[PDB]
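Here we start with a single chain on its own, the form deposited in one PDB entry, put down as structure tokens.
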């Protein structure tokens, strides 16, 4: 079995194909604590051991430690989160080959050439042995690594003439990464990674507006408000009974304005692109400003409506 894994530091996205020809997409969050969970009843908990440390999936992990999520790519917790995503995907426990991801500035050095040291480091990370209490864990065999961004734009890149170029804008949970690649993948023109802002900027604003606990527990409510920010009818029913709808709508717009200004400022660093694509979980939050501020015809502007999965699907289309 071959599983494509975009192991982001906010959510692990999986994609694979079964025997009946159905193509499956699964998402599991990066939310673990460094201790086992205690269950006195029949609640299922997931308690792991890796490198001699205990970890467990935590549904209310604190939104804390909003720092270096680059180190996370080579961490013990990353190994746990990937195993946890596999364990909760619905696939049967088996040996699996996988293809994982490295952020553009980790996969590539400043010369836009493969950073072999990081690529190997990433593969080695998955050899760390893991155990699950009360169950069998999948076994990771072959590990291939793809860079983020490019796989998402590959289908389009194949169609572009070599002198044309696609600008791929990825807004993730904690970072905003942009790359410009020549048609038919004939070269990387520029990569600009930015780890100062992500969708969590908006999520944090929402949780502050509604004074929600700063944990994973309230992440769902916050995302729903954001996703349905333009539907008063939905907001009317969801918002914690009251009508702080005004104050939340306000906080959202402010964070969104920040994201939009950042992308437009960084966009000015790029030139000569002929096509534009916006991906990642936060794509819908910045697509309008980007389209408005680029001189690119509709026909050459790409955004799907399943953006958080654009990368892993591109990876699957390439390697499956």
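Residue numbers count along the first chain shown, from 1.
Modelled in this chain, residue 28 is likewise built in all the other compared entries whose models extend past it on both sides, so a third of them omitting it does not occur. Residue 67 is a gap in at least a third of the other entries compared, counting only those with both neighbours built. The PDB entry reports B-factors from which the mean C-alpha value can be compared for 124-132 and 194-202; the larger average falls on 124-132. Comparing 77-85 with 243-251, the stretch with the higher mean C-alpha B-factor in the PDB entry is 243-251. Across the options 168, 93, 102, 226, the residue with the most elevated CA B-factor in the record is 93. Comparing the listed residues 19, 308, 11, 15, the entry records the largest Cα B-factor for 19. Remark: residue 115 belongs to the middle third of its chain, ranked by C-alpha B-factor as recorded.
Compared with the other modelled residues of the chain, the Cα B-factor recorded for residue 163 ranks in the highest third.
In the PDB entry, residue 238 places in the highest third of its chain by CA B-factor. Among the modelled residues of the chain, residue 275 sits in the lowest third by CA temperature factor in this PDB entry. Ranked by C-alpha B-factor against the other modelled residues of its chain, residue 230 falls in the highest third.
Heads up, the form deposited in another entry isn't pictured, but that's what we're talking about next.
Of the two rigid parts that account for the rearrangement between this form and the one not shown, one contains residue 169 and the other contains residue 148. One change in that other deposited form concerns residue 282 and residue 26, whose Cα atoms lie at least 3 Å farther apart than in this form. In that other deposited form, the CA atoms of residue 281 and residue 32 move apart by 3 angstroms or more relative to this form.
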